[PDB]
Structures are given as structure tokens and as C-alpha cells.
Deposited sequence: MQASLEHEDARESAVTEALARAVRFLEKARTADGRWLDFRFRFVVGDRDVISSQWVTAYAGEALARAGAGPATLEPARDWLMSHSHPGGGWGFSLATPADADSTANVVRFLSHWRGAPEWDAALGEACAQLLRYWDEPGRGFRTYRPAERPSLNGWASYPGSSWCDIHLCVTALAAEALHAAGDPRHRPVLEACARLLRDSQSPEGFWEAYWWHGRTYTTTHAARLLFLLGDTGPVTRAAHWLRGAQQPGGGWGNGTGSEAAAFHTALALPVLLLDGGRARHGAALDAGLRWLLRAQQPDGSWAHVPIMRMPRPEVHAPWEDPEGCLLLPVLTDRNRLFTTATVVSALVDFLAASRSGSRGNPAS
């Protein structure tokens, strides 16, 4: 029923609203890096991702504007955004900012800010490779984004989101970049129908973003293949895990459902969608959040294909969002997709 889903969405929105600092920040992915004595925690990246999800969920100006304004007043001085101001900037955090700022398209001042944010994202564009590099190689000084590091490779997870971001920003001049990204993703899809990720412990994350990019360009064959793969991956109790064998989790379920909604929604995948939705409804915590599982991997800089050795490739243990803000935002996005479906 639309009602049970509307209620779950409202509870999740409230969870995220209450977690925001007064000055506009959502903080998550706290962890201890290999070098440096104290914890890092994501500000810019998480704030943009949460903000974008809340924008799609129809959160009001009181919720959204402080986060937008915080990002605008807390960009990296060299340009763009990153994990936090204490890290380098990166294409993925910058792409998330672009996608969030796209919600103010049509206001000339925001059109200008959006255009600037896109130009910052394009500093990570590699025309010969047809994709985006997460980190730009910096020759000098303990963050592992130095020349030849796999942290500065073209990454498919980032490429898909960056292309989605440029699509949302709406500038027709970016269409050749979009098309090139889409060609790389089309060429990189597994025969089974998933995509691998660099930064994500699983086959669900790239799949959601790549499928959606190809959907936006009207290239739906890859989408059908992805949805077919997800149909098989669905666990007996109706949730999805990571697509490399893990048990059902909220994050992965929220990544799977949108792809089915792009491949005929209830007219083709009704039973699978209903089971995934019920899984999310039963799993929601009293506070309106969903429980985290380990989702974000940081590979050793010498490892270029972490997907071939998920457990063995790691610089540090696979990261979760201990505040549940990234996981919950992902679920919010999926519920919005549901409520939009016939």
C-alpha cells in the first residue's frame, strides 16, 4: 500500500532531518585512516548525498538550504568537494554536489553555481579513457592519491554517478561526455548483467548508477540485463545482499529496487518489488533509519582490480556509515522511486 511506504519515507526523512547539524552538515563514514592519529569523518560528500535524497523526497527549504549553503561555503580552495575538508577533493564527492545543486536549476544564481560545480567535476574527466578518475594524482605530500595509485584510476562507480550528475545539471554541452561515459559502461557490463565497483564492496552500487545512466540515454538493453541479474540475486526473504554472496541488507535492497522500477516496474517485476518493499518496511528501525552493513572498500593503492579479490585487496576493513545516514538516504531514494511508479 502507498500508505505504509509514505509513512516509512516520512519516518526516514525525519530521521535524516534530526541528524543534520544546525549549520547544515550530515557527518558519516567515521574511520581511522592508515596515517594520522585521529578519526576522519565525511562532511561534504555525505551532506550532498543525503541532501540530494531529501530533495527528491520533497524535503522543504528549511531542511535543504542549510546543507546547500554549507557546501557552497565549504568547497575545497583548489576547487570541488571531497570526503571532508581534511582530505583532497574527489570526483565522486564533487558529482554528488552537482546532483544536489541541480535541484535549484532555473534560478540564475544557482544556474551559475551549478555551472561552476560542473566545471570542477570536469577536471576529473579523462577523454581518452571515456571516464572519471576519483582522485587527481598529486606528486607531493598520508592520503594515497599520488601518481600511479589505483586511487587515481578511472573508476566505473564514479563514472556512472558523475555522468548522472551532468545529466541532472542539464547543460547540453556535457552530452558528448555523457555519451562517452555511457559507451564505457556499456562496454564494461559483465555478461551476467552487473557492473563491478572500485570503492564498493559488491556488485549492486555500480549496477544501479550505470543502469540509470543508460536508461536516461534510452539504451534499455543493459537495463533489462541488470534487472534480470537482480531478479536471480534476490534472497528468499525478499531482500538483496551485495551481489557477491552476502545476506539481505537495507543498502543493497535500496540499490536493487530502482533497477526493477526502470525495467517495467510492477507490470514486469510486481512480486519481486513487493517482497523487497516489505523487506524494507519490516527492517526499518524505530528511529526511522536502517541498519548499516560494510559497504565502502578502500583498496591498497597498488591494487587496480579490487573486485577480483574483495577480501584481499583492502588497505583497511570495509567501511560502514555508523550514523546510518548514507544507508538511510539510499533507502529514501528507493522509496521515492516506488511512490512515483504506477
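Student: Write out the missing regions of the deposited sequence in sequence order, one range per stretch.
Tutor: Residues missing from the model, as numbered along the full deposited sequence, span 1-10, 152-154, 356-365.
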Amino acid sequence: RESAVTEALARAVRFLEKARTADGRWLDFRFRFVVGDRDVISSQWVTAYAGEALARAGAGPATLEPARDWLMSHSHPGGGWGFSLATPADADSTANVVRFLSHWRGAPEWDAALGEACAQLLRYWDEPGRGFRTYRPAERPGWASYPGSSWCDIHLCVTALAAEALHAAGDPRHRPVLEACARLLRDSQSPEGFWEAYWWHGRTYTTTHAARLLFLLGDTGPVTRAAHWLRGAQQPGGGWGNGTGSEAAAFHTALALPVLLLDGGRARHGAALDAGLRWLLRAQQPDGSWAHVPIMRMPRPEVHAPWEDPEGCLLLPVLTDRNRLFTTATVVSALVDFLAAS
From here on, numbers count along this sequence of modelled residues.
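Student: Comparing average C-alpha B factors as deposited, tell me which of 36-44 and 295-303 sits higher.
Tutor: Comparing 36-44 with 295-303, the higher mean C-alpha B-factor belongs to 36-44.
Student: Can you tell me which stretch has the higher mean Cα B-factor, 310-318 or 278-286?
Tutor: Higher of the two, by average CA B-factor, is 310-318.
Student: Whose CA atom has the top B-factor in the entry, of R175, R203, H252, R212?
Tutor: Within the set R175, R203, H252, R212, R175 shows the top C-alpha B-factor.
Student: Per the entry, which of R268, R231, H155, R99 tops the list for Cα B factor?
Tutor: Answer, based on the entry's C-alpha B-factors: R268.
Student: Looking at the temperature factor on the CA atom of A138, which third of the chain's modelled residues does it land in?
Tutor: For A138, the deposited C-alpha B-factor lands in the highest third.
Student: Would you check the entry's CA temperature factor for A22 and let me know if it's in the chain's lowest, middle or highest third?
Tutor: Ranked within chain, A22 CA B lands in the highest tercile.
Student: Using only modelled residues of the chain, where does the Cα B factor of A341 rank: lowest third, middle third or highest third?
Tutor: Highest third, going by the recorded CA B-factors of the chain.
Student: Using the B-factors in the PDB entry, rank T87's C-alpha atom against the chain and give the third, lowest, middle or highest.
Tutor: Its C-alpha B-factor belongs to the middle third of this chain's values.
Student: Against its chain's modelled residues, does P258's Cα B factor rank lowest, middle or highest third?
Tutor: As the PDB entry reports it, the C-alpha B-factor of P258 lands in the lowest third of its chain.
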